[PDB]
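Structure data (CSV, N, CA and C atoms and all ligand atoms) from data.csv:
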```
chain,number,residue,atom,x,y,z
Q,666,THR,N,31.5,-33.6,86.0
Q,666,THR,CA,30.3,-33.7,86.7
Q,666,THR,C,29.5,-34.9,86.3
Q,667,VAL,N,29.0,-35.7,87.2
Q,667,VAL,CA,28.0,-36.7,87.0
Q,667,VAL,C,26.7,-36.3,87.7
Q,668,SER,N,25.6,-36.9,87.2
Q,668,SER,CA,24.3,-36.4,87.7
Q,668,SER,C,23.5,-37.6,88.2
Q,669,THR,N,22.8,-37.4,89.3
Q,669,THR,CA,21.8,-38.4,89.8
Q,669,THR,C,20.4,-38.2,89.3
Q,670,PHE,N,20.2,-37.2,88.4
Q,670,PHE,CA,18.9,-36.9,87.9
Q,670,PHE,C,18.5,-37.7,86.7
Q,671,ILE,N,17.2,-37.8,86.5
Q,671,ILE,CA,16.6,-38.5,85.3
Q,671,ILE,C,15.9,-37.5,84.5
Q,672,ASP,N,16.2,-37.4,83.3
Q,672,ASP,CA,15.7,-36.3,82.4
Q,672,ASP,C,14.2,-36.6,82.0
Q,673,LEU,N,13.5,-35.6,81.7
Q,673,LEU,CA,12.1,-35.7,81.2
Q,673,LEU,C,11.8,-34.4,80.4
Q,674,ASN,N,11.4,-34.5,79.2
Q,674,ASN,CA,11.2,-33.4,78.3
Q,674,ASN,C,9.8,-33.2,77.9
Q,675,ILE,N,9.2,-32.1,78.3
Q,675,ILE,CA,7.8,-31.9,78.0
Q,675,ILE,C,7.7,-30.5,77.3
Q,676,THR,N,7.2,-30.5,76.1
Q,676,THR,CA,6.9,-29.3,75.3
Q,676,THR,C,5.4,-29.1,75.2
Q,677,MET,N,4.9,-27.9,75.4
Q,677,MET,CA,3.5,-27.7,75.3
Q,677,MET,C,3.0,-27.9,73.9
Q,678,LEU,N,1.8,-28.3,73.7
Q,678,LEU,CA,1.2,-28.4,72.4
Q,678,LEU,C,0.9,-27.1,71.9
Q,679,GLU,N,1.5,-26.7,70.7
Q,679,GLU,CA,1.4,-25.4,70.2
Q,679,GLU,C,0.0,-25.0,69.7
Q,680,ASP,N,-0.3,-23.7,69.6
Q,680,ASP,CA,-1.6,-23.3,69.1
Q,680,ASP,C,-1.7,-23.6,67.7
Q,681,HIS,N,-3.0,-23.7,67.2
Q,681,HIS,CA,-3.3,-24.1,65.9
Q,681,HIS,C,-4.7,-23.4,65.5
Q,682,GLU,N,-4.7,-22.7,64.4
Q,682,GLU,CA,-5.9,-21.9,64.0
Q,682,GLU,C,-6.6,-22.7,62.9
Q,683,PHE,N,-7.9,-22.8,62.9
Q,683,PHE,CA,-8.7,-23.4,61.9
Q,683,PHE,C,-9.4,-22.4,61.1
Q,684,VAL,N,-9.0,-22.3,59.8
Q,684,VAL,CA,-9.6,-21.4,58.8
Q,684,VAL,C,-10.9,-21.9,58.3
Q,685,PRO,N,-11.8,-21.1,57.9
Q,685,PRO,CA,-13.1,-21.6,57.4
Q,685,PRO,C,-12.9,-22.3,56.0
Q,686,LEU,N,-13.5,-23.4,55.8
Q,686,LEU,CA,-13.4,-24.2,54.6
Q,686,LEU,C,-14.7,-24.7,54.2
Q,687,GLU,N,-15.0,-24.6,52.9
Q,687,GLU,CA,-16.2,-25.0,52.2
Q,687,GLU,C,-15.9,-25.8,50.9
Q,688,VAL,N,-16.5,-26.9,50.7
Q,688,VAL,CA,-16.3,-27.6,49.5
Q,688,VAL,C,-17.1,-27.0,48.4
Q,689,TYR,N,-18.3,-26.6,48.6
Q,689,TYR,CA,-19.2,-25.9,47.7
Q,689,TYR,C,-19.9,-24.8,48.5
Q,690,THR,N,-19.9,-23.6,47.9
Q,690,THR,CA,-20.7,-22.5,48.5
Q,690,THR,C,-22.1,-22.6,48.0
Q,691,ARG,N,-23.0,-21.9,48.7
Q,691,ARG,CA,-24.4,-22.0,48.3
Q,691,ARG,C,-24.7,-21.3,47.0
Q,692,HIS,N,-23.8,-20.4,46.6
Q,692,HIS,CA,-23.9,-19.7,45.3
Q,692,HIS,C,-23.6,-20.7,44.2
Q,693,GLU,N,-22.6,-21.6,44.3
Q,693,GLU,CA,-22.4,-22.6,43.4
Q,693,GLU,C,-23.5,-23.6,43.3
Q,694,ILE,N,-24.2,-23.8,44.5
Q,694,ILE,CA,-25.3,-24.8,44.5
Q,694,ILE,C,-26.5,-24.1,43.8
Q,695,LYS,N,-26.8,-22.8,44.0
Q,695,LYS,CA,-27.8,-22.2,43.3
Q,695,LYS,C,-27.5,-22.1,41.8
Q,696,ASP,N,-26.2,-22.0,41.4
Q,696,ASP,CA,-25.8,-22.1,40.0
Q,696,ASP,C,-25.8,-23.5,39.5
Q,697,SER,N,-25.9,-24.5,40.3
Q,697,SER,CA,-25.9,-25.9,39.8
Q,697,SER,C,-27.1,-26.2,38.9
Q,698,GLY,N,-28.3,-25.6,39.2
Q,698,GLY,CA,-29.4,-25.8,38.4
Q,698,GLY,C,-29.2,-25.2,37.0
Q,699,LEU,N,-29.6,-25.9,36.0
Q,699,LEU,CA,-29.4,-25.5,34.6
Q,699,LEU,C,-30.2,-24.2,34.3
Q,700,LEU,N,-31.3,-24.0,35.0
Q,700,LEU,CA,-32.2,-22.9,34.8
Q,700,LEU,C,-32.7,-22.4,36.1
Q,701,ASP,N,-32.1,-21.3,36.6
Q,701,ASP,CA,-32.7,-20.6,37.8
Q,701,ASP,C,-34.0,-19.9,37.3
Q,702,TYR,N,-35.1,-20.4,37.8
Q,702,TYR,CA,-36.4,-20.0,37.4
Q,702,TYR,C,-36.6,-18.5,37.6
Q,703,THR,N,-36.1,-17.9,38.7
Q,703,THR,CA,-36.4,-16.5,39.0
Q,703,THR,C,-35.7,-15.6,38.0
Q,704,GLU,N,-34.4,-15.9,37.6
Q,704,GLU,CA,-33.7,-15.0,36.7
Q,704,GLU,C,-34.3,-15.1,35.3
Q,705,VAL,N,-34.8,-16.3,34.9
Q,705,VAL,CA,-35.5,-16.4,33.6
Q,705,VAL,C,-36.7,-15.6,33.6
Q,706,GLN,N,-37.5,-15.6,34.7
Q,706,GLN,CA,-38.7,-14.8,34.8
Q,706,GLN,C,-38.4,-13.3,34.7
Q,707,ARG,N,-37.4,-12.9,35.5
Q,707,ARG,CA,-37.1,-11.4,35.5
Q,707,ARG,C,-36.6,-11.0,34.1
Q,708,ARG,N,-35.8,-11.8,33.4
Q,708,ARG,CA,-35.4,-11.4,32.0
Q,708,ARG,C,-36.6,-11.4,31.1
Q,709,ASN,N,-37.4,-12.4,31.1
Q,709,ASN,CA,-38.5,-12.5,30.1
Q,709,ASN,C,-39.7,-11.5,30.4
Q,710,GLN,N,-39.8,-11.0,31.6
Q,710,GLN,CA,-40.8,-10.0,31.8
Q,710,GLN,C,-40.4,-8.6,31.5
Q,711,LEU,N,-39.3,-8.4,30.8
Q,711,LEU,CA,-38.9,-7.0,30.4
Q,711,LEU,C,-39.0,-6.8,28.9
Q,712,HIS,N,-39.8,-7.6,28.2
Q,712,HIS,CA,-39.8,-7.6,26.8
Q,712,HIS,C,-40.6,-6.3,26.3
Q,713,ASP,N,-41.7,-6.0,26.9
Q,713,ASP,CA,-42.4,-4.8,26.5
Q,713,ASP,C,-41.7,-3.5,26.8
Q,714,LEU,N,-41.2,-3.4,28.0
Q,714,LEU,CA,-40.4,-2.2,28.3
Q,714,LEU,C,-39.0,-2.2,27.7
Q,715,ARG,N,-38.7,-3.3,26.9
Q,715,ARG,CA,-37.4,-3.3,26.2
Q,715,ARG,C,-37.5,-3.4,24.7
R,221,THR,N,-46.2,-16.2,5.1
R,221,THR,CA,-45.5,-15.0,4.8
R,221,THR,C,-46.3,-13.8,5.3
R,222,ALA,N,-45.6,-12.8,6.0
R,222,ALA,CA,-46.3,-11.8,6.7
R,222,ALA,C,-45.6,-10.4,6.4
R,223,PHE,N,-46.4,-9.4,6.3
R,223,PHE,CA,-46.0,-8.0,6.1
R,223,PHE,C,-46.2,-7.1,7.3
R,224,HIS,N,-45.4,-6.1,7.4
R,224,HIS,CA,-45.6,-5.1,8.5
R,224,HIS,C,-46.6,-4.0,8.2
R,225,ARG,N,-47.6,-3.9,9.0
R,225,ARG,CA,-48.7,-2.9,8.8
R,225,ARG,C,-49.4,-3.2,7.5
R,226,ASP,N,-49.4,-4.4,7.0
R,226,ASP,CA,-49.9,-4.8,5.7
R,226,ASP,C,-49.4,-3.8,4.6
R,227,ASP,N,-48.1,-3.6,4.6
R,227,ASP,CA,-47.5,-2.6,3.7
R,227,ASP,C,-46.4,-3.4,2.9
R,228,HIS,N,-45.8,-2.6,2.0
R,228,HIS,CA,-44.7,-3.2,1.1
R,228,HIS,C,-43.5,-3.5,1.9
R,229,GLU,N,-42.6,-4.3,1.3
R,229,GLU,CA,-41.4,-4.7,2.0
R,229,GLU,C,-40.4,-3.5,2.1
R,230,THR,N,-39.8,-3.4,3.2
R,230,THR,CA,-38.9,-2.3,3.5
R,230,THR,C,-37.8,-2.7,4.4
R,231,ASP,N,-36.5,-2.4,4.1
R,231,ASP,CA,-35.4,-2.5,5.1
R,231,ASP,C,-35.4,-1.4,6.1
R,232,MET,N,-35.4,-1.8,7.4
R,232,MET,CA,-35.7,-0.8,8.4
R,232,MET,C,-34.4,-0.7,9.3
R,233,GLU,N,-34.2,0.5,9.9
R,233,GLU,CA,-33.1,0.8,10.8
R,233,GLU,C,-33.2,0.0,12.1
R,234,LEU,N,-32.2,-0.7,12.4
R,234,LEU,CA,-32.1,-1.4,13.7
R,234,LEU,C,-31.8,-0.5,14.8
R,235,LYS,N,-32.7,-0.3,15.7
R,235,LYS,CA,-32.6,0.7,16.8
R,235,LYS,C,-32.3,0.0,18.1
R,236,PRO,N,-31.3,0.5,18.9
R,236,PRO,CA,-31.0,-0.1,20.2
R,236,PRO,C,-32.3,-0.2,21.1
R,237,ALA,N,-32.4,-1.3,21.8
R,237,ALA,CA,-33.5,-1.4,22.7
R,237,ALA,C,-33.4,-0.4,23.8
R,238,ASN,N,-34.6,0.1,24.3
R,238,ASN,CA,-34.6,1.1,25.4
R,238,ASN,C,-34.0,0.5,26.7
R,239,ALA,N,-33.6,1.4,27.5
R,239,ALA,CA,-32.7,1.0,28.7
R,239,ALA,C,-33.5,0.1,29.7
R,240,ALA,N,-32.8,-0.8,30.3
R,240,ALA,CA,-33.3,-1.7,31.4
R,240,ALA,C,-32.1,-2.1,32.2
R,241,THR,N,-32.4,-2.5,33.5
R,241,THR,CA,-31.4,-2.9,34.4
R,241,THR,C,-31.2,-4.4,34.4
R,242,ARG,N,-30.0,-4.8,34.6
R,242,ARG,CA,-29.6,-6.2,34.6
R,242,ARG,C,-30.1,-7.0,33.4
R,243,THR,N,-29.8,-6.5,32.2
R,243,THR,CA,-30.2,-7.1,31.0
R,243,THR,C,-29.1,-6.9,29.9
R,244,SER,N,-29.0,-7.9,29.1
R,244,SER,CA,-28.0,-7.8,28.0
R,244,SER,C,-28.7,-6.9,26.8
R,245,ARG,N,-27.8,-6.6,25.9
R,245,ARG,CA,-28.2,-5.6,24.8
R,245,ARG,C,-29.2,-6.3,23.9
R,246,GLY,N,-30.1,-5.4,23.3
R,246,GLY,CA,-31.0,-5.8,22.3
R,246,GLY,C,-31.3,-4.7,21.3
R,247,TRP,N,-31.8,-5.0,20.1
R,247,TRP,CA,-32.1,-4.1,19.1
R,247,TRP,C,-33.4,-4.5,18.4
R,248,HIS,N,-34.2,-3.5,18.1
R,248,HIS,CA,-35.5,-3.7,17.4
R,248,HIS,C,-35.6,-2.7,16.3
R,249,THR,N,-36.7,-2.7,15.5
R,249,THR,CA,-37.0,-1.8,14.5
R,249,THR,C,-38.3,-1.1,14.6
R,250,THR,N,-39.3,-1.7,15.2
R,250,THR,CA,-40.6,-1.1,15.3
R,250,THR,C,-41.0,-0.9,16.8
R,251,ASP,N,-41.5,0.3,17.1
R,251,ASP,CA,-41.7,0.6,18.5
R,251,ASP,C,-43.2,0.4,18.9
R,252,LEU,N,-44.1,0.3,17.9
R,252,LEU,CA,-45.5,0.3,18.2
R,252,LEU,C,-46.2,-0.8,17.4
R,253,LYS,N,-47.4,-1.2,17.8
R,253,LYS,CA,-48.2,-2.2,17.1
R,253,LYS,C,-49.1,-1.5,16.1
R,254,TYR,N,-49.5,-2.2,15.1
R,254,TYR,CA,-50.4,-1.7,14.0
R,254,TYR,C,-51.8,-2.4,14.2
R,255,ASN,N,-52.8,-1.5,14.3
R,255,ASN,CA,-54.2,-2.0,14.3
R,255,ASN,C,-54.9,-1.2,13.2
R,256,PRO,N,-55.9,-1.9,12.5
R,256,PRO,CA,-56.5,-1.3,11.4
R,256,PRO,C,-57.3,-0.1,11.8
R,257,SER,N,-57.5,0.8,10.8
R,257,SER,CA,-58.4,2.0,11.0
R,257,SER,C,-59.8,1.5,11.1
R,258,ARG,N,-60.7,2.4,11.5
R,258,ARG,CA,-62.0,2.1,11.9
R,258,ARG,C,-63.0,2.2,10.7
R,259,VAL,N,-63.7,1.1,10.4
R,259,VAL,CA,-64.9,1.1,9.6
R,259,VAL,C,-65.9,0.4,10.4
R,260,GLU,N,-67.2,0.9,10.5
R,260,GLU,CA,-68.1,0.5,11.5
R,260,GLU,C,-68.7,-0.9,11.2
R,261,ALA,N,-68.9,-1.7,12.3
R,261,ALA,CA,-69.5,-3.0,12.3
R,261,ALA,C,-68.8,-3.9,11.3
R,262,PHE,N,-67.5,-4.1,11.5
R,262,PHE,CA,-66.7,-4.9,10.6
R,262,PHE,C,-65.6,-5.6,11.3
R,263,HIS,N,-65.1,-6.6,10.8
R,263,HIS,CA,-63.9,-7.3,11.3
R,263,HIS,C,-62.7,-6.8,10.4
R,264,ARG,N,-61.6,-6.3,11.1
R,264,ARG,CA,-60.5,-5.8,10.3
R,264,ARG,C,-59.2,-6.3,11.0
R,265,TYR,N,-58.3,-6.9,10.2
R,265,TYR,CA,-57.1,-7.5,10.7
R,265,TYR,C,-55.9,-6.6,10.5
R,266,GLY,N,-55.0,-6.4,11.5
R,266,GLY,CA,-53.9,-5.6,11.5
R,266,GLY,C,-52.6,-6.2,11.9
R,267,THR,N,-51.6,-6.2,11.1
R,267,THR,CA,-50.4,-7.0,11.3
R,267,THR,C,-49.2,-6.0,11.7
R,268,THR,N,-48.4,-6.4,12.7
R,268,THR,CA,-47.2,-5.8,13.1
R,268,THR,C,-46.1,-6.8,13.1
R,269,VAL,N,-44.9,-6.5,12.6
R,269,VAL,CA,-43.7,-7.3,12.6
R,269,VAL,C,-42.5,-6.5,13.1
Q,801,LIG,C1,13.1,-31.5,74.1
Q,801,LIG,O1,12.0,-31.2,73.2
Q,801,LIG,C2,12.1,-31.6,71.8
Q,801,LIG,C3,11.8,-33.1,71.8
Q,801,LIG,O2,10.5,-33.4,72.2
Q,801,LIG,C4,13.4,-31.2,71.2
Q,801,LIG,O3,13.2,-30.0,70.5
Q,801,LIG,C5,13.3,-30.1,69.1
Q,801,LIG,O4,14.3,-30.9,68.6
Q,801,LIG,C6,14.4,-31.0,67.2
Q,801,LIG,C7,15.3,-32.1,66.8
Q,801,LIG,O5,14.9,-33.3,67.4
Q,801,LIG,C8,14.8,-29.6,66.7
Q,801,LIG,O6,14.8,-29.6,65.3
Q,801,LIG,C9,13.8,-28.6,67.2
Q,801,LIG,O7,14.3,-27.3,66.9
Q,801,LIG,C10,13.5,-28.7,68.7
Q,801,LIG,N1,12.4,-27.8,69.0
Q,801,LIG,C11,11.1,-28.0,68.6
Q,801,LIG,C12,10.1,-27.0,69.1
Q,801,LIG,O8,10.8,-29.0,67.9
Q,801,LIG,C13,14.5,-31.0,72.2
Q,801,LIG,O9,15.8,-31.3,71.6
Q,801,LIG,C14,14.4,-31.9,73.4
Q,801,LIG,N2,15.5,-31.7,74.3
Q,801,LIG,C15,16.7,-32.4,74.1
Q,801,LIG,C16,17.7,-32.1,75.2
Q,801,LIG,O10,16.8,-33.1,73.2
```
Now that the file is in, can you turn its structure into structure tokens?
Amino acid sequence: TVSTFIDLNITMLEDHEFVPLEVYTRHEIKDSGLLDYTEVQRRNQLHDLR
Amino acid sequence: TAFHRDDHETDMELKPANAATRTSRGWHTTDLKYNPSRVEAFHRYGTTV
């Protein structure tokens, strides 16, 4: 068999899922400061009851 | 140099600190402050350590 047809190949672009990605979370940013003022306050205001 | 209750030197039992939330452990020896007894119309100094 010979053919008079001209081929053409089209495959659909497959699905692709995007997972959530973060370089730094806000908890790491809150921990970036050398002294979280709030936690220092809460610790130091327990001295009499401790 | 300072004394406790203006008293003689004494080695005291280290007592665990009373309970608290979100705090690391601690230990103390004295639970109360010392203030001098009363004599009228006078200045009196009372030490706690
Ligand atoms: C039509 O579709 C593609 C080319 O776009 C070819 O399919 C892939 O071919 C590769 C080798 O080139 C295989 O490893 C894969 O298994 C094939 N499928 C996919 C989804 O990649 C296919 O061969 C083409 N048709 C012809 C006749 O070549």
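Near ligand LIG 801 (chain Q), at distances of 6 Å or less and with all atoms listed in the file counted, sit the residues residues 674, 675 and 676 of chain Q.
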Could you build a table of the residues in chain R lying no more than 12 Å from chain Q, giving for each the nearest pair of atoms and their separation in Å rounded to one decimal place, using only C-alpha atoms, ordered by chain and ascending residue number, as JSON lines?
```
{"residue": "R:235", "atom": "CA", "partner": "Q:715", "partner_atom": "CA", "distance": 11.3}
{"residue": "R:236", "atom": "CA", "partner": "Q:715", "partner_atom": "CA", "distance": 9.3}
{"residue": "R:237", "atom": "CA", "partner": "Q:715", "partner_atom": "CA", "distance": 5.6}
{"residue": "R:238", "atom": "CA", "partner": "Q:715", "partner_atom": "CA", "distance": 5.3}
{"residue": "R:239", "atom": "CA", "partner": "Q:715", "partner_atom": "CA", "distance": 6.8}
{"residue": "R:240", "atom": "CA", "partner": "Q:715", "partner_atom": "CA", "distance": 6.8}
{"residue": "R:241", "atom": "CA", "partner": "Q:711", "partner_atom": "CA", "distance": 9.4}
{"residue": "R:242", "atom": "CA", "partner": "Q:708", "partner_atom": "CA", "distance": 8.2}
{"residue": "R:243", "atom": "CA", "partner": "Q:708", "partner_atom": "CA", "distance": 6.8}
{"residue": "R:244", "atom": "CA", "partner": "Q:708", "partner_atom": "CA", "distance": 9.1}
{"residue": "R:245", "atom": "CA", "partner": "Q:715", "partner_atom": "CA", "distance": 9.6}
{"residue": "R:246", "atom": "CA", "partner": "Q:715", "partner_atom": "CA", "distance": 7.9}
{"residue": "R:247", "atom": "CA", "partner": "Q:715", "partner_atom": "CA", "distance": 8.9}
{"residue": "R:248", "atom": "CA", "partner": "Q:715", "partner_atom": "CA", "distance": 9.0}
{"residue": "R:249", "atom": "CA", "partner": "Q:715", "partner_atom": "CA", "distance": 11.8}
{"residue": "R:250", "atom": "CA", "partner": "Q:715", "partner_atom": "CA", "distance": 11.6}
{"residue": "R:251", "atom": "CA", "partner": "Q:715", "partner_atom": "CA", "distance": 9.6}
{"residue": "R:252", "atom": "CA", "partner": "Q:713", "partner_atom": "CA", "distance": 10.2}
{"residue": "R:253", "atom": "CA", "partner": "Q:713", "partner_atom": "CA", "distance": 11.3}
```
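Interatomic distance, atom C of residue 224 in chain R to atom C of residue 255 in chain R: 10.1 Å.
Between atom N of residue 262 in chain R and atom N of residue 230 in chain R the interatomic distance comes to 28.9 Å.
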Could you go through range 222-266 of chain R and tell me which residues DSSP, when run on the backbone, assigns to strand (DSSP E), listing them as a PDB file with N, CA and C atoms, in the coordinates of the input?
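What ended up in states25.pdb:
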```pdb
ATOM      1  N   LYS R 235     -32.700  -0.300  15.700  1.00  0.00           N
ATOM      2  CA  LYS R 235     -32.600   0.700  16.800  1.00  0.00           C
ATOM      3  C   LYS R 235     -32.300   0.000  18.100  1.00  0.00           C
ATOM      4  N   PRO R 236     -31.300   0.500  18.900  1.00  0.00           N
ATOM      5  CA  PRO R 236     -31.000  -0.100  20.200  1.00  0.00           C
ATOM      6  C   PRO R 236     -32.300  -0.200  21.100  1.00  0.00           C
ATOM      7  N   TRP R 247     -31.800  -5.000  20.100  1.00  0.00           N
ATOM      8  CA  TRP R 247     -32.100  -4.100  19.100  1.00  0.00           C
ATOM      9  C   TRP R 247     -33.400  -4.500  18.400  1.00  0.00           C
ATOM     10  N   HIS R 248     -34.200  -3.500  18.100  1.00  0.00           N
ATOM     11  CA  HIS R 248     -35.500  -3.700  17.400  1.00  0.00           C
ATOM     12  C   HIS R 248     -35.600  -2.700  16.300  1.00  0.00           C
TER      13      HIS R 248
END
```
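Relative to CA of residue 710 in chain Q, CA of residue 223 in chain R is found at 26.3 Å.
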Residues of chain Q in alpha helix (DSSP H), written as a VMD selection string: chain Q and resid 691 to 695 702 to 709
